[PDB]
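Data block for run.pdb (PDB, C-alpha atoms (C1' of nucleotides)):
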ATOM      1  CA  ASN A 651      31.213 -10.876  22.678
ATOM      2  CA  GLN A 661      39.650 -21.555  24.756
ATOM      3  CA  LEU A 662      36.823 -21.196  27.355
ATOM      4  CA  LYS A 663      36.593 -17.861  29.272
ATOM      5  CA  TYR A 664      33.599 -18.531  31.613
ATOM      6  CA  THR A 665      34.959 -21.598  33.530
ATOM      7  CA  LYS A 666      34.126 -20.138  37.030
ATOM      8  CA  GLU A 667      30.424 -19.679  36.072
ATOM      9  CA  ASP A 668      27.764 -22.338  36.837
ATOM     10  CA  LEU A 669      26.884 -24.926  34.139
ATOM     11  CA  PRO A 670      23.499 -23.817  32.653
ATOM     12  CA  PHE A 671      20.875 -26.558  33.214
ATOM     13  CA  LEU A 672      18.234 -23.832  32.718
ATOM     14  CA  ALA A 673      19.999 -21.456  30.320
ATOM     15  CA  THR A 674      18.200 -18.063  30.436
ATOM     16  CA  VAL A 675      19.014 -15.031  28.267
ATOM     17  CA  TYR A 676      17.286 -11.662  28.824
ATOM     18  CA  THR A 677      16.646  -8.410  26.941
ATOM     19  CA  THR A 678      16.583  -4.719  27.956
ATOM     20  CA  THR A 679      15.318  -1.821  25.690
ATOM     21  CA  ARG A 680      15.316   1.996  26.346
ATOM     22  CA  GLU A 681      12.165   3.197  24.545
ATOM     23  CA  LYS A 682       9.262   2.199  26.789
ATOM     24  CA  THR A 683       6.774   0.389  24.511
ATOM     25  CA  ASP A 684       5.836  -3.274  23.970
ATOM     26  CA  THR A 685       6.410  -3.904  20.379
ATOM     27  CA  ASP A 686       9.809  -2.388  20.922
ATOM     28  CA  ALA A 687      10.274  -4.759  23.885
ATOM     29  CA  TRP A 688       9.239  -7.874  21.867
ATOM     30  CA  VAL A 689      11.120  -7.443  18.528
ATOM     31  CA  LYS A 690      14.521  -8.661  19.849
ATOM     32  CA  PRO A 691      13.167 -11.523  22.083
ATOM     33  CA  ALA A 692      10.905 -12.830  19.307
ATOM     34  CA  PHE A 693      13.877 -12.875  16.931
ATOM     35  CA  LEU A 694      16.185 -14.512  19.540
ATOM     36  CA  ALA A 695      13.544 -17.104  20.491
ATOM     37  CA  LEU A 696      13.239 -18.297  16.857
ATOM     38  CA  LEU A 697      17.000 -17.899  16.166
ATOM     39  CA  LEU A 698      18.615 -19.829  19.050
ATOM     40  CA  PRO A 699      16.699 -23.114  18.287
ATOM     41  CA  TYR A 700      17.806 -22.717  14.601
ATOM     42  CA  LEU A 701      21.484 -22.197  15.575
ATOM     43  CA  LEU A 702      21.759 -24.637  18.531
ATOM     44  CA  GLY A 703      18.780 -27.113  18.403
ATOM     45  CA  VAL A 704      17.687 -25.953  21.936
ATOM     46  CA  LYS A 705      14.032 -25.358  22.984
ATOM     47  CA  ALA A 706      12.903 -21.819  23.835
ATOM     48  CA  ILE A 707      10.202 -20.236  25.952
ATOM     49  CA  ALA A 708      10.101 -16.447  25.688
ATOM     50  CA  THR A 709       8.107 -14.893  28.518
ATOM     51  CA  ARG A 710       7.814 -11.908  30.869
ATOM     52  CA  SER A 711       7.430 -14.552  33.653
ATOM     53  CA  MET A 712      10.213 -15.260  36.160
ATOM     54  CA  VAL A 713       8.713 -18.756  36.691
ATOM     55  CA  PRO A 714       9.129 -20.916  33.490
ATOM     56  CA  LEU A 715       7.226 -23.848  32.071
ATOM     57  CA  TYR A 716       9.606 -26.725  33.121
ATOM     58  CA  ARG A 717      10.373 -28.954  30.103
ATOM     59  CA  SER A 718      10.320 -32.796  30.059
ATOM     60  CA  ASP A 719      10.313 -35.641  27.465
ATOM     61  CA  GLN A 720       7.002 -34.715  25.681
ATOM     62  CA  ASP A 721       6.498 -31.160  27.003
ATOM     63  CA  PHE A 722       9.331 -31.002  24.388
ATOM     64  CA  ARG A 723       6.615 -31.590  21.644
ATOM     65  CA  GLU A 724       7.098 -27.966  20.579
ATOM     66  CA  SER A 725      10.442 -26.206  20.045
ATOM     67  CA  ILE A 726       9.306 -22.656  20.901
ATOM     68  CA  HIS A 727       6.606 -20.970  22.983
ATOM     69  CA  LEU A 728       6.108 -17.174  23.067
ATOM     70  CA  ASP A 729       4.013 -16.093  26.062
ATOM     71  CA  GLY A 730       1.976 -13.066  25.027
ATOM     72  CA  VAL A 731       3.892 -11.332  22.183
ATOM     73  CA  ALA A 732       2.925  -7.890  21.016
ATOM     74  CA  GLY A 733       0.086  -7.893  18.597
ATOM     75  CA  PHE A 734       2.345  -7.688  15.487
ATOM     76  CA  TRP A 735       2.798 -11.487  16.050
ATOM     77  CA  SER A 736      -0.898 -12.353  16.112
ATOM     78  CA  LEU A 737      -1.438 -10.025  13.116
ATOM     79  CA  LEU A 738       1.227 -11.946  11.068
ATOM     80  CA  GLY A 739      -0.726 -15.133  11.955
ATOM     81  CA  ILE A 740       2.538 -16.913  12.895
ATOM     82  CA  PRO A 741       1.815 -19.487  15.686
ATOM     83  CA  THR A 742       2.714 -18.579  19.300
ATOM     84  CA  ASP A 743       3.965 -22.193  19.658
ATOM     85  CA  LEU A 744       6.192 -23.794  16.953
ATOM     86  CA  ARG A 745       7.378 -27.356  16.187
ATOM     87  CA  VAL A 746      11.012 -27.657  14.925
ATOM     88  CA  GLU A 747      10.072 -27.882  11.204
ATOM     89  CA  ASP A 748       8.304 -24.443  11.336
ATOM     90  CA  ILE A 749      11.187 -22.347  12.779
ATOM     91  CA  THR A 750      12.721 -21.446   9.368
ATOM     92  CA  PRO A 751       9.303 -20.405   7.886
ATOM     93  CA  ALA A 752       8.914 -18.226  11.008
ATOM     94  CA  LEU A 753      12.409 -16.641  10.754
ATOM     95  CA  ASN A 754      11.712 -15.924   7.073
ATOM     96  CA  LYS A 755       8.378 -14.151   7.766
ATOM     97  CA  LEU A 756       9.795 -12.251  10.742
ATOM     98  CA  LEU A 757      12.884 -11.006   8.920
ATOM     99  CA  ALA A 758      10.854 -10.298   5.768
ATOM    100  CA  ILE A 759       8.574  -7.970   7.800
ATOM    101  CA  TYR A 760      11.499  -6.417   9.764
ATOM    102  CA  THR A 761      13.477  -5.786   6.527
ATOM    103  CA  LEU A 762      10.287  -4.269   4.998
ATOM    104  CA  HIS A 763       9.418  -2.092   8.037
ATOM    105  CA  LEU A 764      13.005  -0.764   8.183
ATOM    106  CA  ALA A 765      12.796   0.294   4.499
ATOM    107  CA  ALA A 766       9.752   2.559   4.940
ATOM    108  CA  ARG A 767       8.354   3.788   8.305
ATOM    109  CA  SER A 768      11.908   3.833   9.800
ATOM    110  CA  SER A 769      14.851   6.311  10.082
ATOM    111  CA  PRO A 770      18.538   5.194   9.974
ATOM    112  CA  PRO A 771      19.369   5.718  13.728
ATOM    113  CA  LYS A 772      15.778   5.088  15.044
ATOM    114  CA  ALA A 773      13.909   1.960  13.882
ATOM    115  CA  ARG A 774      10.365   3.146  14.973
ATOM    116  CA  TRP A 775       9.097  -0.373  15.888
ATOM    117  CA  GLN A 776       6.076   1.425  17.370
ATOM    118  CA  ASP A 777       4.690   1.363  13.753
ATOM    119  CA  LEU A 778       5.383  -2.399  13.138
ATOM    120  CA  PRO A 779       1.686  -3.441  13.688
ATOM    121  CA  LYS A 780       0.618  -1.225  10.725
ATOM    122  CA  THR A 781       3.368  -2.563   8.436
ATOM    123  CA  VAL A 782       2.233  -6.132   9.275
ATOM    124  CA  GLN A 783      -1.501  -5.376   8.869
ATOM    125  CA  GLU A 784      -1.122  -3.938   5.331
ATOM    126  CA  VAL A 785       1.195  -6.806   4.120
ATOM    127  CA  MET A 786      -1.254  -9.439   5.454
ATOM    128  CA  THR A 787      -4.347  -7.686   3.992
ATOM    129  CA  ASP A 788      -3.136  -7.873   0.366
ATOM    130  CA  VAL A 789       0.396  -8.912  -0.814
ATOM    131  CA  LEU A 790       0.785  -6.061  -3.354
ATOM    132  CA  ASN A 791       1.127  -3.781  -0.271
ATOM    133  CA  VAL A 792       4.794  -5.029  -0.237
ATOM    134  CA  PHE A 793       5.278  -2.720  -3.252
ATOM    135  CA  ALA A 794       3.206   0.041  -1.591
ATOM    136  CA  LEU A 795       5.773  -0.089   1.274
ATOM    137  CA  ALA A 796       8.598  -0.090  -1.180
ATOM    138  CA  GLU A 797       7.273   3.037  -2.660
ATOM    139  CA  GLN A 798       6.955   4.692   0.664
ATOM    140  CA  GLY A 799      10.632   3.969   1.146
ATOM    141  CA  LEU A 800      11.470   5.646  -2.091
ATOM    142  CA  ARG A 801       9.650   8.792  -1.110
ATOM    143  CA  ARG A 802      11.313   9.064   2.251
ATOM    144  CA  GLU A 803      14.678   8.472   0.635
ATOM    145  CA  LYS A 804      13.604  11.331  -1.800
ATOM    146  CA  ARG A 805      14.253   8.874  -4.708
ATOM    147  CA  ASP A 806      11.898   8.706  -7.722
ATOM    148  CA  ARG A 807      12.898   5.169  -8.895
ATOM    149  CA  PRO A 808      14.119   1.832  -7.345
ATOM    150  CA  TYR A 809      17.664   0.492  -7.837
ATOM    151  CA  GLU A 810      17.919  -2.620 -10.080
ATOM    152  CA  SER A 811      18.639  -4.789  -6.984
ATOM    153  CA  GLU A 812      15.612  -3.572  -4.992
ATOM    154  CA  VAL A 813      13.283  -4.464  -7.937
TER     155      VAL A 813
ATOM    156  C1'   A B   1     -58.627  51.334 -66.584
ATOM    157  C1'   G B   2     -59.493  47.078 -67.525
ATOM    158  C1'   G B   3     -59.029  41.075 -66.907
ATOM    159  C1'   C B   4     -55.147  38.292 -65.464
ATOM    160  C1'   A B   5     -51.254  36.606 -62.991
ATOM    161  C1'   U B   6     -47.385  37.254 -56.717
ATOM    162  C1'   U B   7     -43.638  32.630 -58.127
ATOM    163  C1'   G B   8     -40.881  28.088 -59.774
ATOM    164  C1'   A B   9     -37.216  23.812 -59.099
ATOM    165  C1'   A B  10     -33.325  21.611 -56.389
ATOM    166  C1'   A B  11     -30.018  21.654 -52.197
ATOM    167  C1'   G B  12     -30.900  21.267 -46.095
ATOM    168  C1'   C B  13     -24.219  20.451 -44.773
ATOM    169  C1'   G B  14     -19.346  18.101 -45.744
ATOM    170  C1'   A B  15     -14.624  16.459 -43.299
ATOM    171  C1'   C B  16     -11.727  15.378 -39.141
ATOM    172  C1'   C B  17     -10.815  15.459 -33.643
ATOM    173  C1'   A B  18     -13.118  13.240 -28.854
ATOM    174  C1'   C B  19      -8.206  14.565 -24.999
ATOM    175  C1'   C B  20      -3.446  15.598 -22.946
ATOM    176  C1'   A B  21       0.354  15.055 -19.006
ATOM    177  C1'   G B  22       1.631  14.131 -13.869
ATOM    178  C1'   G B  23       0.450  12.665  -8.875
ATOM    179  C1'   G B  24      -1.882   7.886  -6.269
ATOM    180  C1'   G B  25       0.561   9.509   0.763
ATOM    181  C1'   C B  26       2.225  13.169   3.613
ATOM    182  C1'   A B  27       3.235  13.245   9.299
ATOM    183  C1'   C B  28       3.152  10.926  14.104
ATOM    184  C1'   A B  29       0.813   7.477  17.978
ATOM    185  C1'   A B  30       1.177   1.691  18.955
ATOM    186  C1'   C B  31      -0.695   1.523  24.401
ATOM    187  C1'   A B  32      -2.496   4.370  29.286
ATOM    188  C1'   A B  33      -3.542   3.073  34.395
TER     189        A B  33
END
As a first step, turn the structure in this file into structure tokens.
Amino acid sequence: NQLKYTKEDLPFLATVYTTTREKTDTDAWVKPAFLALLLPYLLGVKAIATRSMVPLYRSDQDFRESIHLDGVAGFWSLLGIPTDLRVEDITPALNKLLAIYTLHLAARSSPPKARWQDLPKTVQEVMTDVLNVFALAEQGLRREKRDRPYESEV
RNA sequence: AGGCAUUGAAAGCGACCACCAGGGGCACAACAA
């Protein structure tokens, strides 16, 4: 949103926190889960995402994983992505998470209202059988009232 | 009015067609205490 925060304390324990205005859990977890994979990929830092005000304190081999996610909504467990990740796994995780977000927002979403309350069903069909990726594409087409995909979407 | 004589060979189907389009999710609810 050349330093501008020079009066603020140096962050030895750097915590960042989310707020959302629909009241459900999957809606609460979609931005933290994305941020908790993302910030280690941008900055090489180690993340714990939790509801807990007390953290796990990190040290020289507590550091043996890059990310922990304490108790994510069940869309996470349904994707089968680990709740704890070593640094090599973070780009596989960001790929699966954005691939399911960019597939949920195509069908079972509306342009001003993302309807993340339905994300567990979009994950469960994609994981059951991979051709359901095209079943979701086709749902998108019908919402969009379009009979055929663009050449790019194919 | 009589005897006689109530039938006979062959054929018993042949061609073509055994479907056509279009739809194959639609809505919402993902926690409550």
Compare B:27, B:33, B:15, B:5 by their minimum atom-to-atom distance to chain A, counting all atoms listed in the file, and give me the closest one.
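With all atoms listed in the file as the atom set, the closest residue is B:27.
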With a cut-off of 12 Å, could you pull out the residues of chain B touching chain A and give me the nearest pair of atoms for each, distance in Å to one decimal, using all atoms listed in the file, ordered by chain and ascending number, as CSV?
residue,atom,partner,partner_atom,distance
B:24,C1',A:794,CA,10.5
B:25,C1',A:798,CA,8.0
B:26,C1',A:801,CA,9.8
B:27,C1',A:767,CA,10.8
B:28,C1',A:777,CA,9.7
B:29,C1',A:776,CA,8.0
B:30,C1',A:776,CA,5.2
B:31,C1',A:683,CA,7.6
B:32,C1',A:683,CA,11.2
A:774, A:710, A:705, A:767: which is nearest residue 745 (chain A), counting all atoms listed in the file?
A:705
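Once residue 757 (chain A) and its same-chain neighbours fewer than 3 positions away are set aside, residues 689, 690, 692, 693, 694, 696, 697, 738, 750, 751, 752, 753, 754, 760, 761, 762, 763, 764 and 782 of chain A remain within 12 Å of it when counting all atoms listed in the file.
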Can you write just those residues out, C-alpha atoms, as a PDB file, in the coordinates of the input?
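The resulting file, again-v9.pdb, is reproduced below:
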ATOM      1  CA  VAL A 689      11.120  -7.443  18.528  1.00  0.00           C
ATOM      2  CA  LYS A 690      14.521  -8.661  19.849  1.00  0.00           C
ATOM      3  CA  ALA A 692      10.905 -12.830  19.307  1.00  0.00           C
ATOM      4  CA  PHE A 693      13.877 -12.875  16.931  1.00  0.00           C
ATOM      5  CA  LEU A 694      16.185 -14.512  19.540  1.00  0.00           C
ATOM      6  CA  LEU A 696      13.239 -18.297  16.857  1.00  0.00           C
ATOM      7  CA  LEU A 697      17.000 -17.899  16.166  1.00  0.00           C
ATOM      8  CA  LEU A 738       1.227 -11.946  11.068  1.00  0.00           C
ATOM      9  CA  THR A 750      12.721 -21.446   9.368  1.00  0.00           C
ATOM     10  CA  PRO A 751       9.303 -20.405   7.886  1.00  0.00           C
ATOM     11  CA  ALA A 752       8.914 -18.226  11.008  1.00  0.00           C
ATOM     12  CA  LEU A 753      12.409 -16.641  10.754  1.00  0.00           C
ATOM     13  CA  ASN A 754      11.712 -15.924   7.073  1.00  0.00           C
ATOM     14  CA  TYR A 760      11.499  -6.417   9.764  1.00  0.00           C
ATOM     15  CA  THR A 761      13.477  -5.786   6.527  1.00  0.00           C
ATOM     16  CA  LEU A 762      10.287  -4.269   4.998  1.00  0.00           C
ATOM     17  CA  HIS A 763       9.418  -2.092   8.037  1.00  0.00           C
ATOM     18  CA  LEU A 764      13.005  -0.764   8.183  1.00  0.00           C
ATOM     19  CA  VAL A 782       2.233  -6.132   9.275  1.00  0.00           C
TER      20      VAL A 782
END
Mind giving me the straight-line distance from CA of residue 766 (chain A) to CA of residue 791 (chain A) in Å, one decimal?
11.9 Å
Skip residue 712 (chain A) itself and residues of its chain fewer than 4 positions away, then list as an mmCIF file with C-alpha atoms, in the coordinates of the input all residues within 12 Å of it, counting only C-alpha atoms (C1' of nucleotides).
data_model
loop_
_atom_site.group_PDB
_atom_site.id
_atom_site.type_symbol
_atom_site.label_atom_id
_atom_site.label_comp_id
_atom_site.auth_asym_id
_atom_site.auth_seq_id
_atom_site.Cartn_x
_atom_site.Cartn_y
_atom_site.Cartn_z
ATOM 1 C CA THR A 674 18.200 -18.063 30.436
ATOM 2 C CA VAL A 675 19.014 -15.031 28.267
ATOM 3 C CA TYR A 676 17.286 -11.662 28.824
ATOM 4 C CA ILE A 707 10.202 -20.236 25.952
ATOM 5 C CA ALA A 708 10.101 -16.447 25.688
ATOM 6 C CA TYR A 716 9.606 -26.725 33.121
ATOM 7 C CA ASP A 729 4.013 -16.093 26.062
#
Extract, using only C-alpha atoms (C1' of nucleotides), all DNA, RNA and protein residues at most 9 Å from residue 723 (chain A), discarding same-chain residues fewer than 3 positions from it, and format them as a PyMOL selection string.
chain A and resi 719-720+745-746
Just the selected residues (C-alpha atoms), exported as a PDB file, keeping the file's coordinate frame, please.
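So part27.pdb came out as:
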ATOM      1  CA  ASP A 719      10.313 -35.641  27.465  1.00  0.00           C
ATOM      2  CA  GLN A 720       7.002 -34.715  25.681  1.00  0.00           C
ATOM      3  CA  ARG A 745       7.378 -27.356  16.187  1.00  0.00           C
ATOM      4  CA  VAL A 746      11.012 -27.657  14.925  1.00  0.00           C
TER       5      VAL A 746
END
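Separating CA of residue 691 (chain A) from CA of residue 787 (chain A) is a distance of 25.5 Å.
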How far is it from CA of residue 770 (chain A) to CA of residue 681 (chain A), in Å with one decimal?
16.0 Å
